[PDB]
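Asker: can't give you the sequence, but here's the structure:
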Ligand SMILES: CC(C)[C@H](Nc1ncnc2[nH]cnc12)c1ccc2c(c1)S(=O)(=O)CCC2
């Protein structure tokens, strides 16, 4: 859990302008969070980048999890292997508001982080899931009580997040 160059926002939330894949390789955290969908199909975005970095091992394991257990619910999670990126991957499903899913489930999604002492995570429901990223950071700060290191791979969004939080 050798995190470097993060800005501490609150006693338990830290943020960095960085690609979560590059962070996982440098840090080898105990837990990396994937911004998953309910069938664990890692077709693009953050999930696609994490799966590519495992040379598709994450997708094969995920398909075998879904066959045996069925899909996740929106707001839910499962713990699978971290492969070469971490000890464990916490696959968390935030709501996709661009597909009509309820934004209130973002609180449920961040509540899954509280079962793990330290996590490397992306900003849930941001990007093409359509949530307002400043709202997602506020939900994270108000909900997560364990130690979370957010990697946001966009300097423009990183700067807007830090400015809106420190105002
Ligand atoms: C908002 C961007 C900058 C961020 N991308 C990334 N953030 C951190 N490490 C990365 N590596 C490659 N991409 C990123 C991000 C945050 C959450 C989500 C998405 C994208 S999405 O569009 O894949 C849909 C799932 C939710």
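Answerer: Done, it's in. Residues are numbered from 1 along each chain as shown.
Asker: Contacts only, for the nearest residue to residue 104 once chain neighbours are set aside.
Answerer: The spatial neighbour of residue 104 that comes closest, neighbours along the chain excluded (CB to CB, 6 or more residues apart in numbering), is residue 95 at 7.9 Å. C-beta here means a position set from N, CA and C on the backbone, and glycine is covered the same way. If you count contacts by CB atoms under 8 Å, 6 or more residues apart in numbering, residue 95 has them with 74, 75, 101, 102, 103, 104, 105, 106, 109, 125, 129, 131.
Asker: how about a cut-off of 10 Å?
Answerer: 74-75, 101-106, 108-109, 124-125, 129-131 (CB atoms under 10 Å, 6 or more residues apart in numbering).
Asker: Can you classify it as helix, strand or coil?
Answerer: coil (DSSP: H, G, I helix; E, B strand; the rest coil).
Asker: Could you report the distance from it to the ligand?
Answerer: 10 Å (CB to the nearest ligand atom, to the nearest Å).
Asker: again, but for residue 18
Answerer: For residue 18, the distance to the ligand - CB to the nearest ligand atom - is 7 Å.
Asker: Need the max-distance pair from the contacts of residue 95.
Answerer: 108 and 130 (17.0 Å; CB to CB).
Asker: neighbour count winner among these two?
Answerer: residue 108 (19 against 15; other CB atoms under 10 Å).
Asker: Just want the phi and psi numbers for the more buried one.
Answerer: Residue 108 adopts backbone torsions of phi -60, psi -40, taken as degrees, to the nearest 10.
Asker: Regarding residue 125, what is its secondary structure?
Answerer: In three-state terms, and counting by three-state DSSP, residue 125 is coil.
Asker: Likewise for residue 43?
Answerer: When classified by three-state DSSP, residue 43 comes out as coil.
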